[PDB]
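Engineer: Turn this into a model:
(chains A, B, C and D)
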Amino acid sequence: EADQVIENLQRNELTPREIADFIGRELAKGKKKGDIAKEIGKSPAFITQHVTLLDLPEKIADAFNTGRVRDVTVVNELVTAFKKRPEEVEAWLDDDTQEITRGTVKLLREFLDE
Amino acid sequence: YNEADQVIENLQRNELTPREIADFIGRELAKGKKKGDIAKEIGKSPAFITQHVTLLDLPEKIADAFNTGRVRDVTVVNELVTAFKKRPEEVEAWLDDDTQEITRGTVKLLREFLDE
DNA sequence: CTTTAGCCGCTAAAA
DNA sequence: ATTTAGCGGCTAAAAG
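Structural biologist: Numbers count the residues shown, from 1 in each chain, chains lettered A, B, ... in the order given. Structure data below:
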């Protein structure tokens, strides 16, 4: 350990959250994001995408935990948007009929920028 | 050391080229297995089977685009072949121009132009 | 050493 | 038992 972890990962047997948790433990040991990327054979962006999952704003976390959003990239785009305009993002999410895709999130961010 | 168990493993390690997966599907087809069953034995979709069987018999000019790394997107290959079956010379010409950028956006435009 | 833009893998549902 | 439609992983390049 964490060889089995890195191995399991390179065998794609891991969820996004498991990968995020592994990353969190490596950070807590003092490793840098960039060196974690190299030890698991992935990009720096892959590290950013998963670290985000460790500390989601509550509304986004609930959307992700219920399977209402399953696209990690979309989770990241919602968190980015949320950091700038949190009230409006929550309100967008608060409509339960609002379909969540890369497209609808792009329209949301184009509207908020604007 | 069984072939299909290995293919499953090497699949999940992303260590098989499209050509290797296609080759394995062809070997299963020649042993009399049905596409839909080959999908189930490797835990992939029937569509995945289609996409790869296509690579076993590519028209020469699409095969060149692929073998030469000019198109690496297996889906785009399949889209090129589909367009080609319908309107061969028009697809060949479009490919014969080596300036042509090849993406899904660009293939999609070609097909829109063709279907009218 | 995190964001945007986007290719590409894949399969759900459709044809 | 193919094809279209489009979601979703992973990242090069652009931005910081």
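Engineer: how many other residues sit next to the nearest residue to residue A:93 once chain neighbours are set aside?
Structural biologist: Spatial nearest neighbour of residue A:93, excluding adjacent residues (C-beta to C-beta, 6 or more residues apart in numbering or on different chains): residue A:59 at 5.2 Å. For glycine as for every other residue, the C-beta is placed from the backbone atoms N, C-alpha and C. For residue A:59, the neighbour count with other C-beta atoms under 10 Å in any protein chain shown is 17.
Engineer: Residue A:59 reaches residue A:91, doesn't it?
Structural biologist: No - the criterion here is C-beta atoms under 8 Å, and residue A:59 misses it with residue A:91 at 9.7 Å.
Engineer: now the residue nearest to residue A:93, what's its secondary structure?
Structural biologist: Using DSSP: H, G, I helix; E, B strand; the rest coil, the structure places residue A:59 in helix.
Engineer: Domains in chain A, by residue range?
Structural biologist: A:1-56, A:57-114 (curated CATH domains).
Engineer: The longest one: end-to-end distance?
Structural biologist: Going back to what we said before, that points to domain A:57-114. 23 Å (C-alpha to C-alpha, to the nearest Å).
Engineer: cool, and stretch A:37-48?
Structural biologist: End residues of stretch A:37-48 are separated by 10 Å (C-alpha to C-alpha).
Engineer: Can you tell me what sits against it?
Structural biologist: The contact list for stretch A:37-48 (C-beta atoms under 8 Å, 6 or more residues apart in numbering or on different chains) reads A:6, A:9-10, A:23, A:26, A:31, A:33-34, A:36, A:76.
Engineer: Just say helix, strand or coil for the closest residue to residue A:17 other than its chain neighbours.
Structural biologist: Using C-beta to C-beta, 6+ apart and skipping the chain neighbours, the partner closest in space to residue A:17 is residue A:53 (5.9 Å). Following three-state DSSP, the label given to residue A:53 is helix.
Engineer: go on, residue A:20?
Structural biologist: helix.
Engineer: and the gap between the residue nearest to residue A:93 and DNA strand D?
Structural biologist: Here the criterion is C-beta to the nearest atom of the strand, to the nearest Å. By it, residue A:59 lies 17 Å from DNA strand D.
Engineer: Same question for residue A:2.
Structural biologist: Distance, residue A:2 to DNA strand D, using C-beta to the nearest atom of the strand: 17 Å.
Engineer: Is it correct that that residue is in contact with residue A:25?
Structural biologist: Yes - the pair residue A:2 / residue A:25 is scored as a contact, 7.4 Å apart, by C-beta under 8 Å.
Engineer: what's the neighbour count on residue A:60?
Structural biologist: Residues within reach of residue A:60, counting by other C-beta under 10 Å, total 23.
Engineer: before we move on, what about the one 10 residues further on?
Structural biologist: Neighbour count of residue A:70, defined by other C-beta under 10 Å: 12.
Engineer: contacting residues for it?
Structural biologist: Taking C-beta under 8 Å, 6+ apart as the criterion, residue A:70 is in contact with residue A:64.
Engineer: So it: helix, strand or coil?
Structural biologist: Three-state call for residue A:70 (three-state DSSP): coil.
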